[PDB]
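Taken one at a time, structure 1 and structure 2 that follow are two forms of one protein chain, written as structure tokens.
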Structure 1
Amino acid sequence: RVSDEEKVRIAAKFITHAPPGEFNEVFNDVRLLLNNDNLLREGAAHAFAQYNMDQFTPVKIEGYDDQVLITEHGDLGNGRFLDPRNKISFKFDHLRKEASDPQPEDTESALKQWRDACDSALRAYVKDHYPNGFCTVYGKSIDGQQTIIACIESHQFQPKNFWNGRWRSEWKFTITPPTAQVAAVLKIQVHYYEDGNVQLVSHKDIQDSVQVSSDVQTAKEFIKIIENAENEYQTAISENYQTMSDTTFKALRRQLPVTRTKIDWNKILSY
């Protein structure tokens, strides 16, 4: 038999695999399939947090103009997260997707100025390039290595028209004077589900380099690399859709037989 341990593994797997904007529907399907409310909110608490960190969930805090992203990089513990731009911690309710309890948080450090410079350039980059995108930029001393991590999210949820979509990108610049190494992953997921279930899942990896100069110049060079790469990626996706529509899809099946008319089923059945 399937042990409860494999079961919880499954409920948690299903929840972490919910498409964008559909966490609640998936959670409630899994709730009803296990019929054990306290086991679920026990054995699956990790999955709720995992989902929101994987998805870069944006959240509005009462008191602050700027939304912030839930990511692994801002995990403060105890269901609390860092807002490095507004310089607060807040409580995040992973089930309700609700921010509460903002409290001032100390973000001062030697790297704050490089983080601030990258955050300023990035924020302008994001507002210009995404209809309602949000970004969060973190500064971490990781291997004694100073690292800037820029996370970008943009989603569009239209459940009433049976579709939801989300773009996430994650950009790591390890600030090792004189040549900083750049690593990114761009991801897209789109789900359409009127009378079916069609998804696009896409990702692209980026490797690059930039010369470390001043904070404001290094930031500008960082943003250029981001813009060029996110532009090429979007461009190429659309080129791929055209090619798929023009070639592969057309080859899988004809619109009609060579006669250019539907089948005469009498003639089929007669030989």
Structure 2
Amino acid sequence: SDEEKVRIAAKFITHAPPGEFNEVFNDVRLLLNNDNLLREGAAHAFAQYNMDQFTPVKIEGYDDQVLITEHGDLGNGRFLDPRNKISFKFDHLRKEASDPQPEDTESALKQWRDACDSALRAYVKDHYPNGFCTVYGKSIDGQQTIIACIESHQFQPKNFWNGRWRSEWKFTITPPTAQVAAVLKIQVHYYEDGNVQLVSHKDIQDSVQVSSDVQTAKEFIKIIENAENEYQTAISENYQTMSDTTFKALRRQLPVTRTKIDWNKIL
């Protein structure tokens, strides 16, 4: 039961809406009222939350920000920043980076990674107002893989809303082809009038041709851009459809006769 309580605490913390982690954490702390057990079985949850959310972090001395993801997990509390060639300790609680150390990951995919990173950063600057991205080049079950991660968020507690976009693109490179596996995710919480949440995701599986590093990264970005435009355009089309059709099938705006009801007649 106490093992079950922590497990529930951990599930709750893990489901915090973007920008509302502190509030949910505070709620769950005062509720469980066992600060000892909290630290014990719900530390795997802080990390899991940070990596699921692609939490962006600023490392002192480096202009950009890097994303905390499962892909940069080096184990032992360290994360990789592949752009800056450093590893760093990450404190999942404080959400602070420290002890940066140089890391020359063995350069097998490094040229590919750097060419994708360079094209992705320009793309994210152009299309994501507060967007950050991280590209990893790694060998997975023997196959060379580029993993492009994008995060963008808007936290406006004073206006009673938060939102976050995450996308993750995995290109499994086997020249002259590549397999593409992506997931796009969106989450919005608006609570200024009423309370509503949007959760959305889209899975993508495909293949494309590849050539050299520079040309292939250019076309990877065109593929990403188009697919992410397509999702965003479909989302707004679906909003129109839910507004004029799906909502109506639950409750109409007016009866079939298009007059407000005559209550005396009914009575």
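The term rigid core refers to the most C-alpha atoms you can superpose between the two forms while keeping them within 1.5 Å. Residue indices: 1-based, along structure 1.
Of 141, 156, 197, 176, which one has a Cα that moves 2 Å or more between structure 1 and structure 2 once the core is lined up?
The listed residue whose C-alpha shifts by at least 2 Å is 197.
After core superposition, I'd like to know whether residue 254 moves between structure 1 and structure 2 (criterion: C-alpha shift of 2 angstroms or more).
The answer is yes; the displacement is at least 2 Å.
Just checking, between structure 1 and structure 2 and with the core aligned, does residue 263 shift 2 Å or more at the CA?
Yes, shifts by 2 Å or more.
When the rigid core is overlaid, by how much has the CA of residue 54 moved between structure 1 and structure 2, in Å to one decimal?
Spelling it out: core superposed, C-alpha of residue 54 shifted, distance 0.0 Å.
What's the distance in angstrom the Cα of residue 78 travels between structure 1 and structure 2, core superposed?
With the cores aligned, its C-alpha sits 2.3 Å away.
Following alignment on the rigid core, what Cα displacement (Å) is computed for residue 92 between structure 1 and structure 2?
Reported C-alpha shift between structure 1 and structure 2: 1.2 Å at residue 92.
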